[PDB]
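Shown next, in structure tokens, is the structure this report addresses.
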Amino acid sequence: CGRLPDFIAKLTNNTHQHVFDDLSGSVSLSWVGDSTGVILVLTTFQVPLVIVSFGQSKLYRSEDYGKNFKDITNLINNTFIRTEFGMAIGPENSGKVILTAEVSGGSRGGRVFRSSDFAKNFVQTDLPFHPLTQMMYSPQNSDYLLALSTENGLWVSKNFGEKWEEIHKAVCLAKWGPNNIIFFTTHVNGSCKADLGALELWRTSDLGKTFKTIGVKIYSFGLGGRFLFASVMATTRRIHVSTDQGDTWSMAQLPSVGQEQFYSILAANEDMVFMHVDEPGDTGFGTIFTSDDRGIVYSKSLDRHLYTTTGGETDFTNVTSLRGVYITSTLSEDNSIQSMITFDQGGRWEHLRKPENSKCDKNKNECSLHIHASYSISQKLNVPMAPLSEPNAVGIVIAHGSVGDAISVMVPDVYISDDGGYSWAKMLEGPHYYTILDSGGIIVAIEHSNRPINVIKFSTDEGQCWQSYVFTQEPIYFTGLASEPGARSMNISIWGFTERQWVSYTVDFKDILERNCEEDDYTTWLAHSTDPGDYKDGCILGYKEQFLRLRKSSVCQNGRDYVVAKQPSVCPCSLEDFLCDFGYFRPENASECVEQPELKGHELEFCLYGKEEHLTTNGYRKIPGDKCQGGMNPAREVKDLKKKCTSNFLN
Amino acid sequence: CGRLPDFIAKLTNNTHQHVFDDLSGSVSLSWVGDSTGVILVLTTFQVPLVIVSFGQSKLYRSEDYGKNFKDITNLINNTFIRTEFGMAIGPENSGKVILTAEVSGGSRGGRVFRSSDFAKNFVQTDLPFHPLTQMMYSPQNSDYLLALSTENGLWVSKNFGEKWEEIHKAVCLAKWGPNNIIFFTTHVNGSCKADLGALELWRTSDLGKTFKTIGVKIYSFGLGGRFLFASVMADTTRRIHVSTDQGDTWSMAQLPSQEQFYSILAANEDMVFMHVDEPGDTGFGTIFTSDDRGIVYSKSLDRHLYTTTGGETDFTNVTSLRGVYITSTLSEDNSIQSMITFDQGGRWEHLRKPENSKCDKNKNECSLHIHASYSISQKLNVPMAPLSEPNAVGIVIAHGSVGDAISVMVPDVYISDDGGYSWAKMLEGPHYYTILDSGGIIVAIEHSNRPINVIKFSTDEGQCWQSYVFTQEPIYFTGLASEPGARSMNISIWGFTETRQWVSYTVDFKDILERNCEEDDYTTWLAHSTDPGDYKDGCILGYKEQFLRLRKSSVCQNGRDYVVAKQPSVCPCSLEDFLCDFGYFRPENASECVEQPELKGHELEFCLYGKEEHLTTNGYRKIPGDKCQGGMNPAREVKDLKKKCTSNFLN
Ligand SMILES: *[C@@H]1O[C@H](CO)[C@@H](O[C@@H]2O[C@H](CO)[C@@H](O[C@@H]3O[C@H](CO)[C@@H](O)[C@H](O)[C@@H]3O)[C@H](O)[C@H]2NC(C)=O)[C@H](O)[C@H]1NC(C)=O
Ligand SMILES: *[C@@H]1O[C@H](CO)[C@@H](O[C@@H]2O[C@H](CO)[C@@H](O[C@@H]3O[C@H](CO)[C@@H](O)[C@H](O)[C@@H]3O)[C@H](O)[C@H]2NC(C)=O)[C@H](O)[C@H]1NC(C)=O
Ligand SMILES: *[C@@H]1O[C@H](CO)[C@@H](O[C@@H]2O[C@H](CO)[C@@H](O[C@@H]3O[C@H](CO)[C@@H](O)[C@H](O)[C@@H]3O)[C@H](O)[C@H]2NC(C)=O)[C@H](O)[C@H]1NC(C)=O
Ligand SMILES: *[C@@H]1O[C@H](CO)[C@@H](O[C@@H]2O[C@H](CO)[C@@H](O)[C@H](O)[C@H]2NC(C)=O)[C@H](O)[C@H]1NC(C)=O
Ligand SMILES: *[C@@H]1O[C@H](CO)[C@@H](O)[C@H](O)[C@H]1NC(C)=O
Ligand SMILES: *[C@@H]1O[C@H](CO)[C@@H](O)[C@H](O)[C@H]1NC(C)=O
């Protein structure tokens, strides 16, 4: 590293401290918009919903990037905010902020505080109901809001929460869809919890004027990517998939008929669907399945995928910093925990490579790096944050990791990856709260412990070289860490307390990164490919692209994109460009899809929209979203036998 | 509170410190037996069950009342303990301690470390299975142990964990019964979570040689008092069946009011408290009280709050005064109240606000809400449930908040010296507390983020408190333990600093209480009665007794019981000595049971063991356990009719 710039003098002039006198309850801090100036500090209280309580939430606004906060509590006089609700921030550049509150004395409805100018000016609005869930912006229109009342009434607002109109009265759960479509379940008898398995799923495209019952005997439903899900009670629970907003459905097809199992949707996008199916009976870990572009035909993707028995949380992770990369945890035959990583969107999984920082070697199960995610959070392990990545910060992945030793499981370490998870390196000791900013230019981290802290660990070279910085002589008990939005942001905000009086610390890094990076500061790198050969070194699902990376200890402000230029180029297909077909799987550290043993010599059939099909394949099919052309082109054929099996438990 | 005796000198010589070097993971501490001087300190690790990990738990033992601890880790080396298991301490005089462990490298089964001499000498025994749950002693015999394996197998041991024998293989939940009877549920298809509502309840009296399927279509089952409960699925509808003869004959619970949700709050040798959720799951239900057979219930309390996910309530049984119970309800203003009964659920009143209320601005404001399991489930800052002891007659210590949302975030510690009738705020902020010396000493420790070093104790039943600095190096509090015994004077605190180094502090109060109390140290008091007149002031279910209470700032050792040892005089019956009969209820602040509106002009019929009965009552029935004679005695009569209904879905 050899970092010798006097960072103390550059940061001391930029360390803006603001003391908040006597804040009771949980304190929330949020930057509002990029390059706006607006920082909100809200006071929240943990209070049961239906209980009417007295209280006054304190609100402070800064319009000068954390330098001075103005007390604007009179805006929300005689109201208070609950912790589970908090702020309702709209999409990027929408400038919309909703503050759902409750009247201090009590009322016949809630009260919101609405703003469209990046929280610079709020307006008061009395709700004709008490909200059960938080306001939900529509992905198509930020002016449209749906909410659920304490009386299970569905309320819609067309004008950014000013006027609300109830559209149904027995709603259990409502979610936005594409093009302002609202999907919601309703019941008739008693309660929602008593009629689980006997619910009706309705659709509305007119914001409450037209309805269409698209499903009966519904247990639950969800949206993911271009797919609509619904668990239907056949008693037996089966997952049905719809891509046409619920007009036509199709039952999910697995290479087996495992009755009364437990199904779960890990993730889904505009290409495919990740499904987690629990192992039969109560054995623990399940098996991941990958679907086609229609989300109907699944195949075994990864065996022994761990999950939490009560909750169902897994270590499945979306590497947002590199396309097609996903990381999760599995259990080996030695009953040790491993971290599996795929670079081809679930096509082939391989073990996570142990860090180059070799400080280690059933002794082989030891030294295996386990990246903690939602499964580790549910197991009550000391993991303060899930894996964090950003699309702007291409290749940067920061997360907690442990070793096979139970001591390292009790105290995980912070690992940094600059190639999307292919290689790792221990950079920080102990658990930390971290964030990414400046499109990956600055990475901050704060110690997570019981003692008060006062040290900022940051890095300007994408987490390659770190250096500490004391930002206060009065240590504070850490509460939260926030960053300014935008691609060229350079500020953070830390707020904590002593013993109890609160205080915030806003740090500017503009003086640290005084020089703009040049071509002698950027080293390039290519994404990892499971197949050998220089022809596809750097190809990501059939698309080869080049990426930039700051050199070690590069103290400079990067104002460029990490994807270089356009340069469209197609790669030839290979093993990494094809999923295993219906009834096929890849053995451990293998590159060929063999056929499942119990399916050899049988009729490969699966009911596709109520019509049976016969599959004749070599064991491969194209990955949904893969744009490879040429090279490997295996032969597969779907033969329509016109024989009809019932695969739709909906009207 | 004119307390000026030098507490520093008496406690400093009795404050014994011991430091533990290089401790990783959670730290448990337990006194082993009364007047034995044995203290165990165990290191536990939070590790998933089916995952085989490497680790070593450290074990320390003190045999001189916490003055010196000896490292005895070599006894349990190459093994580790999970935090969810910990120690398995038997009854007080049993001297039995079980240490369920897991082999550091992995094995075919767990390993236990058994001791019968108050943890003075342990023996090693390899289990033929991996335990899913902790060892369960039997109430009839401490030598009998049942455990549940990771493969849902039920194992029993007749000789204190020395030899184990499996008796069933598809068990979902097992519980001990009276006289070593074992009740357990089993399935057949798939898993236990999928067979909910279709389970078989079996009985065993010979530790696994003979069986008897006493129930079919079972959803759940539990034990309480002299009653066995079983949630039976009729169609689909879930109904509760009560059995007093260990499951040989059942009888469905009869209530004055479809597909609702039932819950068992508490159960005695006399009656049963039953919670029934209102149709809609709006967060509140109704408490029902039964007869001596636990069949005929009646509306005892309306709008009883419960957690929607979990079903926990604020129902608290004041063990320090017979027939007193405290729970939380929801008012018509949707504010939370604490209701208290002094006649075992016959009549409920509002908890009286403390004297000289600091909040004295509104009517619903200033109301005291005692926190219990419901507040714990609401994720409120309540470290302990209400604490009381039958030895410490009348003493109740609990956390309480006000109508303000700030007070809910930081509840205060309230003390009652009359079983819950009157209260007073004694300590600011949450605390961990304990009772000692049969009520002579009440210790309390501040709960916060900062390190602590103060012991708050009271010798006059919590009327006057005094702080005590037990260390110059403050520690982060972890746990507070007490030596068993009616005349115990020792406590054990253990915490850490900042790596992280642990330390324990054992404090003896023998020198504080050097004088035995005398006649001018005790002030007499009578229990509270809802009915007016001096003829019933002090009656508890027909028995009037006089209780003793230490004067304010009474620094002395209690020599006699707080109850004047006589034969108590019998009280004449009145309205407070009668429950509301089947189909009746008491309105708010009303002492007369009026008939339920929807039942006026109908045949009050309830199926008693498959046979109809006709109720002709004035609206009252004697409380099970009330021994009053004379006074009021309204007429009621149960005539066996000719109709024979079906009130049993079991065979
Ligand atoms: C992080 O916060 C700082 C403030 O501490 C943001 O820097 C910028 O602060 C300057 C003043 O130092 C504002 O610049 C301008 O001042 C000139 C006169 O000197 C005036 O003519 C302009 O109208 C403007 O007020 C500047 O607007 C402010 N910029 C932002 C984005 O708020 C800093 O930019 C923040 N982080 C980043 C890099 O976004
Ligand atoms: C409310 O809390 C009290 C706290 O003690 C519970 O205490 C006790 O419950 C036990 C078990 O039924 C009673 O013990 C019984 O003693 C009689 C003596 O004749 C004996 O024959 C029985 O076999 C049993 O051991 C005990 O009397 C009772 N409380 C006291 C100390 O008076 C009580 O169960 C809880 N209330 C409810 C409704 O569950
Ligand atoms: C709370 O802990 C203290 C110790 O810190 C206990 O006081 C101790 O009482 C025991 C009684 O067994 C004394 O033990 C010794 O017993 C042997 C038996 O042969 C005898 O030879 C010794 O002369 C001695 O009596 C021990 O010395 C004594 N320690 C102190 C400092 O008082 C106390 O009993 C515990 N609390 C309660 C209420 O039991
Ligand atoms: C998170 O996973 C999703 C897939 O589950 C990825 O989704 C697409 O990412 C690309 C950019 O790499 C976007 O252009 C698409 O709009 C995303 N949505 C789709 C196809 O559903 C996503 O890349 C991962 N995280 C991020 C934001 O990079
Ligand atoms: C806040 O509202 C209350 C009404 O509940 C009013 O009495 C009070 O004056 C208001 N305070 C301010 C500063 O406006
Ligand atoms: C258990 O302790 C013994 C010494 O008491 C030690 O030699 C051994 O290495 C430990 N366990 C194993 C098998 O490693």
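Residues are referred to by chain and number: the chain letter is A, B, ... according to the order shown in the structure tokens, the number counts from 1 in that chain, and ligands are numbered separately from 1 in the order shown.
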
Checklist line | ligand 5 neighbours within 7 Å using only C-alpha atoms and all ligand atoms, as a list in words | finding: residues 74, 77 and 78 of chain A

Note to self: Residues near region 14-31 of chain A, anyone? I mean within 6 Å using only C-alpha atoms, not counting same-chain ones fewer than 4 positions away, as a PyMOL selection string.
What the structure shows: chain A and resi 39-45+67+484+501-508

Notebook entry, point to check: Once you count only C-alpha atoms and all ligand atoms, which residues end up within 7 Å of ligand 1, and could you hand them over as a list in words?
Noted result: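 Residues satisfying the distance criterion: residues 35, 36, 37, 64, 65, 66, 67, 488, 489, 490, 491, 508 and 510 of chain A.
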
Could you save those same residues with C-alpha atoms as a compact mmCIF listing (two decimals), in the first residue's frame?
# COMPACT_ATOMS: atom_id res chain seq x y z
CA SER A 35 -26.93 16.55 -5.09
CA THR A 36 -29.91 18.07 -3.23
CA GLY A 37 -28.67 18.88 0.28
CA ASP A 64 -26.63 22.04 3.43
CA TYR A 65 -25.30 18.45 3.29
CA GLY A 66 -25.21 17.74 7.00
CA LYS A 67 -23.64 21.01 8.16
CA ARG A 488 -20.37 10.76 -7.76
CA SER A 489 -21.36 11.08 -4.10
CA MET A 490 -18.56 11.81 -1.64
CA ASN A 491 -20.29 12.13 1.76
CA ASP A 508 -16.84 14.94 3.18
CA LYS A 510 -13.84 15.78 -1.70

Check: Taking only C-alpha atoms into account, what are the residues of chain B at most 9 Å from chain A, put as a ChimeraX atom specification?
Finding: /B:24-25,45-48,50-56,105-106,150-152,189-194,258-261,279-283,330,333-336,362,364-365,375,378-380,402-406,408-410,448-451,476,497-498

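For ligand 3, the protein and nucleic acid residues at most 7 Å away, judged by only C-alpha atoms and all ligand atoms, amount to residues 14, 35, 37, 64, 65, 66, 67, 487, 488, 489, 490, 508 and 510 of chain B.
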
Checklist line | Residues within 9 Å of ligand 6, counting only C-alpha atoms and all ligand atoms, as a list in words | finding: residues 73, 74, 75, 76, 77, 78, 79 and 104 of chain B

Notebook entry, point to check: If you count only C-alpha atoms and all ligand atoms, which residues end up within 7 Å of ligand 4, as a ChimeraX atom specification?
Noted result: /A:225,267-271,318-323,390-391

Selection from above, N, CA and C atoms, as an mmCIF file, in the first residue's frame, can you write it?
data_model
loop_
_atom_site.group_PDB
_atom_site.id
_atom_site.type_symbol
_atom_site.label_atom_id
_atom_site.label_comp_id
_atom_site.auth_asym_id
_atom_site.auth_seq_id
_atom_site.Cartn_x
_atom_site.Cartn_y
_atom_site.Cartn_z
ATOM 1 N N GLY A 225 -40.011 -10.460 -11.024
ATOM 2 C CA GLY A 225 -39.675 -10.310 -12.431
ATOM 3 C C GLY A 225 -40.928 -10.190 -13.277
ATOM 4 N N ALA A 267 -35.443 -16.139 -6.060
ATOM 5 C CA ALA A 267 -35.383 -14.893 -6.811
ATOM 6 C C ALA A 267 -35.914 -15.152 -8.214
ATOM 7 N N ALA A 268 -36.214 -14.064 -8.919
ATOM 8 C CA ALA A 268 -36.746 -14.151 -10.270
ATOM 9 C C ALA A 268 -36.586 -12.780 -10.906
ATOM 10 N N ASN A 269 -36.378 -12.770 -12.223
ATOM 11 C CA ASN A 269 -36.209 -11.550 -12.989
ATOM 12 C C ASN A 269 -36.994 -11.644 -14.287
ATOM 13 N N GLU A 270 -36.597 -10.854 -15.280
ATOM 14 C CA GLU A 270 -37.160 -10.931 -16.620
ATOM 15 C C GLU A 270 -36.729 -12.120 -17.467
ATOM 16 N N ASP A 271 -35.909 -13.018 -16.920
ATOM 17 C CA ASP A 271 -35.382 -14.152 -17.670
ATOM 18 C C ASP A 271 -35.831 -15.488 -17.093
ATOM 19 N N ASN A 318 -27.749 -12.099 -4.338
ATOM 20 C CA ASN A 318 -27.741 -11.501 -5.670
ATOM 21 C C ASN A 318 -26.516 -10.601 -5.769
ATOM 22 N N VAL A 319 -25.484 -11.071 -6.465
ATOM 23 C CA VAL A 319 -24.312 -10.239 -6.700
ATOM 24 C C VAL A 319 -24.696 -9.160 -7.705
ATOM 25 N N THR A 320 -25.166 -8.021 -7.195
ATOM 26 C CA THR A 320 -25.625 -6.925 -8.038
ATOM 27 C C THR A 320 -24.491 -6.243 -8.792
ATOM 28 N N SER A 321 -23.240 -6.515 -8.433
ATOM 29 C CA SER A 321 -22.091 -5.854 -9.032
ATOM 30 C C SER A 321 -21.538 -6.591 -10.245
ATOM 31 N N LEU A 322 -22.063 -7.771 -10.563
ATOM 32 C CA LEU A 322 -21.594 -8.529 -11.714
ATOM 33 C C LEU A 322 -22.728 -9.416 -12.201
ATOM 34 N N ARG A 323 -23.018 -9.345 -13.497
ATOM 35 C CA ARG A 323 -24.172 -10.045 -14.043
ATOM 36 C C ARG A 323 -23.957 -11.552 -14.025
ATOM 37 N N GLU A 390 -23.096 -3.081 -5.537
ATOM 38 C CA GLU A 390 -23.777 -2.044 -6.297
ATOM 39 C C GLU A 390 -23.504 -2.219 -7.785
ATOM 40 N N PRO A 391 -24.518 -2.025 -8.632
ATOM 41 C CA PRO A 391 -24.276 -2.088 -10.083
ATOM 42 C C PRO A 391 -23.293 -1.038 -10.568
#

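When the distance limit is 7 Å and only C-alpha atoms are what count, the residues near residue 579 (chain B), minus those fewer than 4 positions from it on the same chain, are residues 346, 620, 621, 622 and 623 of chain B.
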
Next item on the list: Around ligand 2, at most 8 Å away and counting only C-alpha atoms and all ligand atoms, which residues are there? Put them as a list in words, please.
Entry: residues 224, 225, 226, 266, 267, 268, 269, 270, 271, 272, 273, 317, 318, 319, 320, 322, 323, 324, 325, 344, 389 and 390 of chain B

Please, could you write that set of residues out with N, CA, C and O atoms as a short mmCIF file (atom, residue, chain, number, x, y, z; two decimals), in the first residue's frame?
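Here's the written file out.cif:
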data_model
loop_
_atom_site.label_atom_id
_atom_site.label_comp_id
_atom_site.auth_asym_id
_atom_site.auth_seq_id
_atom_site.Cartn_x
_atom_site.Cartn_y
_atom_site.Cartn_z
N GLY B 224 -51.81 -28.86 31.73
CA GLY B 224 -52.02 -27.72 32.60
C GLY B 224 -52.85 -28.08 33.82
O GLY B 224 -54.00 -28.49 33.69
N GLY B 225 -52.26 -27.91 35.00
CA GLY B 225 -52.97 -28.28 36.22
C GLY B 225 -53.26 -29.77 36.23
O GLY B 225 -52.39 -30.60 35.95
N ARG B 226 -54.51 -30.11 36.56
CA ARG B 226 -54.97 -31.49 36.55
C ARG B 226 -55.71 -31.83 35.26
O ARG B 226 -56.59 -32.70 35.26
N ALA B 266 -53.78 -20.38 31.69
CA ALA B 266 -53.29 -21.07 32.87
C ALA B 266 -54.32 -22.11 33.29
O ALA B 266 -55.47 -22.09 32.84
N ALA B 267 -53.89 -23.02 34.16
CA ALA B 267 -54.75 -24.09 34.65
C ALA B 267 -54.24 -24.56 36.00
O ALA B 267 -53.03 -24.63 36.22
N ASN B 268 -55.17 -24.90 36.89
CA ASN B 268 -54.87 -25.22 38.28
C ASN B 268 -55.39 -26.62 38.61
O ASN B 268 -55.78 -27.39 37.73
N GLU B 269 -55.38 -26.94 39.90
CA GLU B 269 -56.15 -28.06 40.43
C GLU B 269 -57.62 -27.72 40.58
O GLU B 269 -58.41 -28.58 40.98
N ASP B 270 -58.01 -26.48 40.27
CA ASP B 270 -59.36 -25.99 40.50
C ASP B 270 -60.09 -25.56 39.24
O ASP B 270 -61.28 -25.85 39.09
N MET B 271 -59.43 -24.87 38.31
CA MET B 271 -60.12 -24.32 37.16
C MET B 271 -59.14 -24.19 35.99
O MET B 271 -57.99 -24.63 36.07
N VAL B 272 -59.61 -23.58 34.91
CA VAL B 272 -58.84 -23.40 33.69
C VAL B 272 -59.12 -22.01 33.14
O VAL B 272 -60.28 -21.61 33.00
N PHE B 273 -58.05 -21.27 32.83
CA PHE B 273 -58.16 -20.00 32.13
C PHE B 273 -57.99 -20.25 30.64
O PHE B 273 -56.96 -20.79 30.21
N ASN B 317 -49.66 -14.42 36.59
CA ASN B 317 -50.21 -14.99 37.80
C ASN B 317 -49.37 -14.50 38.98
O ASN B 317 -48.21 -14.90 39.13
N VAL B 318 -49.95 -13.64 39.80
CA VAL B 318 -49.29 -13.11 40.98
C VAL B 318 -49.12 -14.24 41.99
O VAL B 318 -50.02 -14.52 42.78
N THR B 319 -47.96 -14.89 41.95
CA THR B 319 -47.70 -16.01 42.84
C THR B 319 -47.55 -15.59 44.30
O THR B 319 -47.62 -16.44 45.18
N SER B 320 -47.37 -14.29 44.56
CA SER B 320 -47.17 -13.80 45.92
C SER B 320 -48.47 -13.56 46.67
O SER B 320 -48.43 -13.16 47.84
N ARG B 322 -52.60 -15.36 46.75
CA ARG B 322 -53.48 -16.36 46.16
C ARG B 322 -54.67 -15.70 45.47
O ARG B 322 -55.27 -14.76 45.99
N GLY B 323 -54.99 -16.20 44.28
CA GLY B 323 -56.16 -15.75 43.55
C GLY B 323 -56.00 -14.45 42.80
O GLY B 323 -56.99 -13.93 42.28
N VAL B 324 -54.79 -13.90 42.72
CA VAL B 324 -54.54 -12.62 42.07
C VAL B 324 -53.88 -12.88 40.72
O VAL B 324 -52.90 -13.63 40.63
N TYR B 325 -54.42 -12.26 39.67
CA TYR B 325 -53.90 -12.38 38.32
C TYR B 325 -53.97 -11.03 37.63
O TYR B 325 -54.92 -10.26 37.84
N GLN B 344 -59.66 -14.90 41.44
CA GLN B 344 -59.37 -15.98 40.50
C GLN B 344 -60.23 -15.87 39.24
O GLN B 344 -60.83 -16.84 38.78
N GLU B 389 -42.90 -14.23 44.32
CA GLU B 389 -42.60 -15.49 44.99
C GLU B 389 -43.65 -15.76 46.06
O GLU B 389 -44.06 -14.83 46.77
N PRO B 390 -44.10 -17.00 46.19
CA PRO B 390 -45.05 -17.33 47.27
C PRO B 390 -44.47 -17.09 48.66
O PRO B 390 -45.21 -16.74 49.58
#

Checklist line | Those of region 18-220 of chain A in DSSP helix (DSSP H, G or I), formatted as a ChimeraX atom specification | finding: /A:73-76,178-180

Include C-alpha atoms and write out the residues we just selected as a PDB file, in the first residue's frame.
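Dumped to part35.pdb:
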ATOM      1  CA  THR A  73     -40.847  19.325  14.581  1.00  0.00           C
ATOM      2  CA  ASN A  74     -43.700  21.848  14.322  1.00  0.00           C
ATOM      3  CA  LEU A  75     -44.406  20.366  10.880  1.00  0.00           C
ATOM      4  CA  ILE A  76     -45.490  17.093  12.520  1.00  0.00           C
ATOM      5  CA  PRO A 178     -46.652  -3.822 -13.946  1.00  0.00           C
ATOM      6  CA  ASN A 179     -48.553  -0.897 -15.483  1.00  0.00           C
ATOM      7  CA  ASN A 180     -50.305   0.035 -12.212  1.00  0.00           C
TER       8      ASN A 180
END

Next item on the list: Could you tell me which of A:593, A:326, A:307, A:364 comes closest to residue 342 (chain A) if we count only C-alpha atoms?
Entry: A:326

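Residues of region 450-502 of chain A that DSSP places in strand (DSSP E or B), based on the backbone of this structure, are residues 453, 455, 456, 457, 458, 459, 467, 468, 469, 470, 476, 477, 478, 479, 480, 481, 482, 483, 491, 492, 493, 494, 495, 496, 497, 498, 501 and 502 of chain A.
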
Create the file for the chosen residues now, containing C-alpha atoms and written as an mmCIF file, in the first residue's frame.
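In the end it all went to selection-v9.cif:
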data_model
loop_
_atom_site.group_PDB
_atom_site.id
_atom_site.type_symbol
_atom_site.label_atom_id
_atom_site.label_comp_id
_atom_site.auth_asym_id
_atom_site.auth_seq_id
_atom_site.Cartn_x
_atom_site.Cartn_y
_atom_site.Cartn_z
ATOM 1 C CA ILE A 453 -16.508 3.598 18.719
ATOM 2 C CA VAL A 455 -12.878 5.151 14.102
ATOM 3 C CA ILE A 456 -13.725 5.234 10.385
ATOM 4 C CA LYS A 457 -12.129 2.547 8.206
ATOM 5 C CA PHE A 458 -12.325 3.605 4.557
ATOM 6 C CA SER A 459 -10.701 2.705 1.250
ATOM 7 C CA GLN A 467 -6.711 3.150 6.663
ATOM 8 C CA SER A 468 -8.455 4.200 9.866
ATOM 9 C CA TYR A 469 -9.600 7.693 10.831
ATOM 10 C CA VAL A 470 -10.752 9.017 14.205
ATOM 11 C CA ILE A 476 -20.372 7.076 20.374
ATOM 12 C CA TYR A 477 -22.470 3.925 20.414
ATOM 13 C CA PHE A 478 -23.026 3.161 16.736
ATOM 14 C CA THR A 479 -26.622 3.255 15.487
ATOM 15 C CA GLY A 480 -26.603 3.623 11.701
ATOM 16 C CA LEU A 481 -24.604 4.576 8.629
ATOM 17 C CA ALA A 482 -26.009 6.384 5.588
ATOM 18 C CA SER A 483 -24.578 7.620 2.291
ATOM 19 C CA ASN A 491 -20.287 12.128 1.757
ATOM 20 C CA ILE A 492 -21.468 9.831 4.524
ATOM 21 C CA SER A 493 -23.346 10.317 7.778
ATOM 22 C CA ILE A 494 -22.852 8.550 11.114
ATOM 23 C CA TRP A 495 -25.214 9.041 14.050
ATOM 24 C CA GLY A 496 -24.829 7.522 17.506
ATOM 25 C CA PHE A 497 -25.182 8.440 21.178
ATOM 26 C CA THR A 498 -23.484 8.405 24.583
ATOM 27 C CA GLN A 501 -27.744 12.181 23.959
ATOM 28 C CA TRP A 502 -27.436 11.743 20.195
#

Check: Using only C-alpha atoms, which residues sit within 8 Å of residue 242 (chain A) once same-chain residues fewer than 4 positions away are excluded, as a ChimeraX atom specification?
Finding: /A:227-229,246-250

Notebook entry, point to check: Excluding same-chain residues fewer than 2 positions from region 518-532 of chain B, what lies within 8 Å of it counting only C-alpha atoms, as a list in words?
Noted result: residues 342, 418, 419, 421, 516, 534, 536, 537, 538, 539, 540, 545, 546, 547, 548, 549, 550, 551, 554, 574, 575 and 576 of chain B

Notebook entry, point to check: Using only C-alpha atoms, which residues sit within 10 Å of residue 141 (chain B) once same-chain residues fewer than 4 positions away are excluded, as a list in words?
Noted result: residues 94, 137, 145, 158, 160, 178, 179 and 180 of chain B

Output for the residues just chosen: C-alpha atoms as a short mmCIF file (atom, residue, chain, number, x, y, z; two decimals), in the first residue's frame:
data_model
loop_
_atom_site.label_atom_id
_atom_site.label_comp_id
_atom_site.auth_asym_id
_atom_site.auth_seq_id
_atom_site.Cartn_x
_atom_site.Cartn_y
_atom_site.Cartn_z
CA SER B 94 -31.78 -33.62 43.43
CA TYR B 137 -36.45 -34.52 33.71
CA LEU B 145 -35.10 -38.66 31.17
CA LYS B 158 -34.39 -45.03 33.40
CA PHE B 160 -30.19 -40.88 34.84
CA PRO B 178 -47.85 -37.28 36.25
CA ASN B 179 -46.40 -40.55 37.56
CA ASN B 180 -43.88 -40.81 34.69
#

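Distance check against residue 290 (chain B) using only C-alpha atoms: of B:328, B:157, B:254, B:62, the minimum falls on B:254.
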
Notebook entry, point to check: What is the CA of residue 460 (chain B)-CA of residue 413 (chain B) distance in Å, reported with one decimal?
Noted result: 16.1 Å
